[PDB]
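Novice: Take a look at the following structure, please.
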Number of protein chains: 2
Amino acid sequence: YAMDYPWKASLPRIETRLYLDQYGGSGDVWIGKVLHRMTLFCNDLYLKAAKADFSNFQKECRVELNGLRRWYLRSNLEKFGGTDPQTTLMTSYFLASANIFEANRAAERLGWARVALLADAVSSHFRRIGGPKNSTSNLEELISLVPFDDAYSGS
Amino acid sequence: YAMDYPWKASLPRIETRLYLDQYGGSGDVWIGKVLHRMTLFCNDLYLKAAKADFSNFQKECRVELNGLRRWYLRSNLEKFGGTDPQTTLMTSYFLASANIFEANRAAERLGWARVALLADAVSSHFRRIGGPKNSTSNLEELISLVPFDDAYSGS
């Protein structure tokens with residue numbers, strides 16, 4: 001994994017799932033003059049911390065895409081663009097949630113993935129008419145499909 | 001003044017101006033059993049006190065007038081409006097400045113003026129077209145004339 005995925009392109013979440021699938025724990029032994037183990041270093045407990053918090057993170061985020069689904073399919077924006085909405089829906093939430101993965105900054109997390117899906121289905125719409133020379137529908141009103149909050153939606 | 005200006009028609013700045021003409025200071029003399037004075041509140045420096053409080057009130061009454069009159073021109077609004085827009089600006093800003101007379105509430109004083117132009121001048125526009133039936137544009141766009149404060153704008 002390290003030779004073909006450099007630091008420059010690795011998401012900070014993909015291998016953290018894969019690191020569970022590669023880690024033995026305290027069933028792994030160092031040799032020396034005499035073989036030995038290290039329990040401040042390797043336990044069956046660091047996994048128990050990790051298979052607790054990452055597992056409920058995997059739990060608590062897949063109900064969010066379940067909640068993020070219908071908004072895309074109700075705000076009249078899913079109609080045009082790609083061949084199908086669902087593969088663009090799951091792609092745009094992956095890179096928007098593999099980076100930020102803690103339960104206190106969801107408002108930044110899901111608000112990222114919304115305006116992720118806003119700017120590309122309209123990027124599709126401009127080439128399908130050939131640029132902004134022959135577009136007539138007003139485009140600064142699509143920005144209101146994100147709900148109005150005071151602390152965010154001003155600027 | 002007190003026989004034709006009820007409490008429902010008495011404004012807190014046109015009142016103060018109309019008492020300085022009948023204010024005496026220490027020149028007002030009281031009659032008891034003996035012709036006698038009372039130096040404390042019947043006092044001549046009090047007349048100079050409020051008049052020192054009243055000039056510096058009016059000094060911002062000219063510069064917010066000059067400040068607003070350059071904004072109303074460039075905003076392309078004199079297309080609409082009454083045939084005398086300067087006095088229409090006068091009758092709108094005064095109706096705020098006679099109400100709020102404290103200094104550091106200028107943002108309340110400017111906003112009450114700047115909304116009540118573009119909220120009134122549109123009502124002239126509908127008297128020609130018949131209502132909202134025969135409209136030809138999006139009337140929602142007319143807060144572009146309003147300055148952007150990053151806290152105050154969106155709500």
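Every chain in the structure tokens has a letter given in the order shown (A, B, ...), and although residue numbers restart at 1 in each chain, ligands are simply numbered from 1 in the order shown.
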Define the interface residues of chain B facing chain A as those within 9 Å, counting only C-alpha atoms, and report them as a short mmCIF file (atom, residue, chain, number, x, y, z; two decimals) with N, CA, C and O atoms, in the first residue's frame.
Specialist:
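After the write, out.cif holds the following:
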```cif
data_model
loop_
_atom_site.label_atom_id
_atom_site.label_comp_id
_atom_site.auth_asym_id
_atom_site.auth_seq_id
_atom_site.Cartn_x
_atom_site.Cartn_y
_atom_site.Cartn_z
N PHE B 148 -23.45 45.10 2.58
CA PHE B 148 -23.23 43.77 3.14
C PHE B 148 -22.47 43.92 4.45
O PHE B 148 -21.29 44.30 4.45
N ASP B 149 -23.13 43.63 5.56
CA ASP B 149 -22.42 43.26 6.77
C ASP B 149 -22.57 41.76 6.96
O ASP B 149 -23.67 41.22 6.83
N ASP B 150 -21.46 41.10 7.27
CA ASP B 150 -21.40 39.64 7.27
C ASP B 150 -22.25 39.02 8.38
O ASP B 150 -22.58 37.83 8.33
N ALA B 151 -22.59 39.80 9.40
CA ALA B 151 -23.55 39.32 10.39
C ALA B 151 -24.98 39.73 10.02
O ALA B 151 -25.92 38.97 10.23
N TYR B 152 -25.15 40.93 9.46
CA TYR B 152 -26.47 41.55 9.40
C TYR B 152 -27.22 41.29 8.10
O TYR B 152 -28.39 41.68 8.00
N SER B 153 -26.60 40.67 7.10
CA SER B 153 -27.16 40.73 5.75
C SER B 153 -28.26 39.69 5.53
O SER B 153 -29.36 40.02 5.08
N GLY B 154 -27.96 38.42 5.81
CA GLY B 154 -28.78 37.33 5.30
C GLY B 154 -30.16 37.26 5.93
O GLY B 154 -31.14 36.93 5.26
N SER B 155 -30.26 37.62 7.21
CA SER B 155 -31.54 37.52 7.90
C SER B 155 -32.49 38.62 7.48
O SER B 155 -33.70 38.52 7.70
#
```
Novice: Name all residues at most 8 Å from residue 117 of chain A (count only C-alpha atoms; drop same-chain ones fewer than 5 positions away) and give them as an MDAnalysis selection string.
Specialist: chainID A and resid 88:89 92
Novice: Save the residues we just selected, C-alpha atoms, as a tab-separated table (two decimals), in the first residue's frame?
Specialist:
```
chain	number	residue	atom	x	y	z
A	88	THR	CA	-22.48	10.96	-7.72
A	89	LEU	CA	-24.23	11.08	-4.34
A	92	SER	CA	-19.38	13.40	-3.20
```
Novice: What do you get for the Cα RMSD if chain B is superposed onto chain A using all Cα atoms in their order?
Specialist: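 Rounded to one decimal, the C-alpha RMSD is 0.9 Å.
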Novice: From the DSSP assignment of the backbone, select every residue of segment 1-149 of chain B that is strand (DSSP E), and format the answer as an NGL selection string.
Specialist: :B and (30-31 or 35-36)
Novice: Mind the document's chain letters and residue numbers, and return as a VMD selection string the residues of segment 2-130 of chain A that DSSP labels alpha helix (DSSP H).
Specialist: chain A and resid 14 to 20 46 to 72 85 to 94 106 to 127
Novice: Emit the selected residues as a PDB file, in the first residue's frame, including C-alpha atoms.
Specialist:
```pdb
ATOM      1  CA  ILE A  14      -9.045   4.536   3.940  1.00  0.00           C
ATOM      2  CA  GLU A  15      -6.038   2.832   5.525  1.00  0.00           C
ATOM      3  CA  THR A  16      -7.349   3.355   9.065  1.00  0.00           C
ATOM      4  CA  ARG A  17      -9.996   0.829   8.078  1.00  0.00           C
ATOM      5  CA  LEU A  18      -7.258  -1.264   6.465  1.00  0.00           C
ATOM      6  CA  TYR A  19      -4.970  -0.968   9.498  1.00  0.00           C
ATOM      7  CA  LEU A  20      -7.525  -2.962  11.494  1.00  0.00           C
ATOM      8  CA  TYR A  46      -6.110  -0.716  21.416  1.00  0.00           C
ATOM      9  CA  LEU A  47      -8.243  -2.733  19.003  1.00  0.00           C
ATOM     10  CA  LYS A  48     -11.068  -2.606  21.546  1.00  0.00           C
ATOM     11  CA  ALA A  49     -10.810   1.174  21.585  1.00  0.00           C
ATOM     12  CA  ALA A  50     -10.601   1.247  17.789  1.00  0.00           C
ATOM     13  CA  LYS A  51     -13.286  -1.332  17.020  1.00  0.00           C
ATOM     14  CA  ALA A  52     -15.548   0.666  19.327  1.00  0.00           C
ATOM     15  CA  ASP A  53     -15.201   4.244  18.115  1.00  0.00           C
ATOM     16  CA  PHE A  54     -14.586   3.577  14.423  1.00  0.00           C
ATOM     17  CA  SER A  55     -17.438   1.054  14.368  1.00  0.00           C
ATOM     18  CA  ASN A  56     -20.006   3.501  15.709  1.00  0.00           C
ATOM     19  CA  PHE A  57     -18.540   6.156  13.397  1.00  0.00           C
ATOM     20  CA  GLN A  58     -19.201   3.730  10.549  1.00  0.00           C
ATOM     21  CA  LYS A  59     -22.615   3.303  12.151  1.00  0.00           C
ATOM     22  CA  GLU A  60     -23.429   6.965  12.729  1.00  0.00           C
ATOM     23  CA  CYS A  61     -22.305   8.199   9.313  1.00  0.00           C
ATOM     24  CA  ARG A  62     -24.273   5.775   7.125  1.00  0.00           C
ATOM     25  CA  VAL A  63     -27.526   7.046   8.620  1.00  0.00           C
ATOM     26  CA  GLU A  64     -26.338  10.525   7.578  1.00  0.00           C
ATOM     27  CA  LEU A  65     -26.076   9.636   3.887  1.00  0.00           C
ATOM     28  CA  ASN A  66     -29.487   8.042   4.426  1.00  0.00           C
ATOM     29  CA  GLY A  67     -30.552  11.488   5.605  1.00  0.00           C
ATOM     30  CA  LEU A  68     -28.508  13.225   2.923  1.00  0.00           C
ATOM     31  CA  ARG A  69     -30.196  11.114   0.245  1.00  0.00           C
ATOM     32  CA  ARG A  70     -33.687  12.580   0.163  1.00  0.00           C
ATOM     33  CA  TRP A  71     -32.633  16.259   0.247  1.00  0.00           C
ATOM     34  CA  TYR A  72     -30.829  15.701  -3.055  1.00  0.00           C
ATOM     35  CA  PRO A  85     -27.771  10.474  -9.169  1.00  0.00           C
ATOM     36  CA  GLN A  86     -26.718   7.714  -6.805  1.00  0.00           C
ATOM     37  CA  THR A  87     -23.097   7.217  -7.842  1.00  0.00           C
ATOM     38  CA  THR A  88     -22.482  10.965  -7.725  1.00  0.00           C
ATOM     39  CA  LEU A  89     -24.226  11.085  -4.337  1.00  0.00           C
ATOM     40  CA  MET A  90     -21.950   8.490  -2.768  1.00  0.00           C
ATOM     41  CA  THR A  91     -18.789   9.832  -4.396  1.00  0.00           C
ATOM     42  CA  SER A  92     -19.376  13.401  -3.199  1.00  0.00           C
ATOM     43  CA  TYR A  93     -19.949  12.304   0.414  1.00  0.00           C
ATOM     44  CA  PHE A  94     -16.939   9.996   0.537  1.00  0.00           C
ATOM     45  CA  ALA A 106     -20.903  17.354  11.145  1.00  0.00           C
ATOM     46  CA  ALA A 107     -22.241  20.812  10.253  1.00  0.00           C
ATOM     47  CA  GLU A 108     -18.989  21.477   8.413  1.00  0.00           C
ATOM     48  CA  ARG A 109     -18.971  17.912   7.090  1.00  0.00           C
ATOM     49  CA  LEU A 110     -22.438  17.698   5.556  1.00  0.00           C
ATOM     50  CA  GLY A 111     -22.408  21.326   4.473  1.00  0.00           C
ATOM     51  CA  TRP A 112     -19.272  20.542   2.503  1.00  0.00           C
ATOM     52  CA  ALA A 113     -20.960  17.644   0.715  1.00  0.00           C
ATOM     53  CA  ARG A 114     -24.012  19.733  -0.182  1.00  0.00           C
ATOM     54  CA  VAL A 115     -22.180  22.513  -2.047  1.00  0.00           C
ATOM     55  CA  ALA A 116     -20.018  19.733  -3.482  1.00  0.00           C
ATOM     56  CA  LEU A 117     -23.098  18.476  -5.330  1.00  0.00           C
ATOM     57  CA  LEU A 118     -24.228  22.023  -6.124  1.00  0.00           C
ATOM     58  CA  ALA A 119     -21.386  23.208  -8.332  1.00  0.00           C
ATOM     59  CA  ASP A 120     -20.903  20.139 -10.540  1.00  0.00           C
ATOM     60  CA  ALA A 121     -24.436  19.436 -11.763  1.00  0.00           C
ATOM     61  CA  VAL A 122     -24.426  23.059 -12.885  1.00  0.00           C
ATOM     62  CA  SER A 123     -20.941  22.487 -14.318  1.00  0.00           C
ATOM     63  CA  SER A 124     -22.553  19.730 -16.374  1.00  0.00           C
ATOM     64  CA  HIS A 125     -25.376  22.080 -17.360  1.00  0.00           C
ATOM     65  CA  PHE A 126     -23.132  24.734 -18.941  1.00  0.00           C
ATOM     66  CA  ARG A 127     -21.342  22.493 -21.441  1.00  0.00           C
TER      67      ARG A 127
END
```
Novice: Give me, as a PDB file with C-alpha atoms, in the first residue's frame, all polymer residues having an atom no more than 10 Å from residue 41 of chain A, counting only C-alpha atoms and skipping those fewer than 3 positions away in the same chain.
Specialist:
```pdb
ATOM      1  CA  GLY A  25      -2.275  -7.023  18.533  1.00  0.00           C
ATOM      2  CA  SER A  26      -0.536  -8.896  21.350  1.00  0.00           C
ATOM      3  CA  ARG A  37       6.237  -9.013  24.209  1.00  0.00           C
ATOM      4  CA  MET A  38       5.340  -5.366  24.965  1.00  0.00           C
ATOM      5  CA  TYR A  46      -6.110  -0.716  21.416  1.00  0.00           C
TER       6      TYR A  46
END
```
Novice: For residue 98 of chain B, work out the shell of residues within 7 Å, counting only C-alpha atoms and skipping chain neighbours fewer than 6 positions away, then give it as a PDB file with C-alpha atoms, in the first residue's frame.
Specialist:
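Final output, saved to around_1.pdb:
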```pdb
ATOM      1  CA  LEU B  11     -42.404  62.701  18.897  1.00  0.00           C
ATOM      2  CA  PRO B  12     -39.355  62.781  21.189  1.00  0.00           C
ATOM      3  CA  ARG B  13     -37.194  65.211  19.173  1.00  0.00           C
ATOM      4  CA  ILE B  14     -39.709  67.747  17.835  1.00  0.00           C
TER       5      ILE B  14
END
```
Novice: I'd like to know which of B:76, B:22, B:40, B:1 is closest to residue 145 of chain B, using only C-alpha atoms.
Specialist: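 Closest to residue 145 of chain B of all the choices is B:76.
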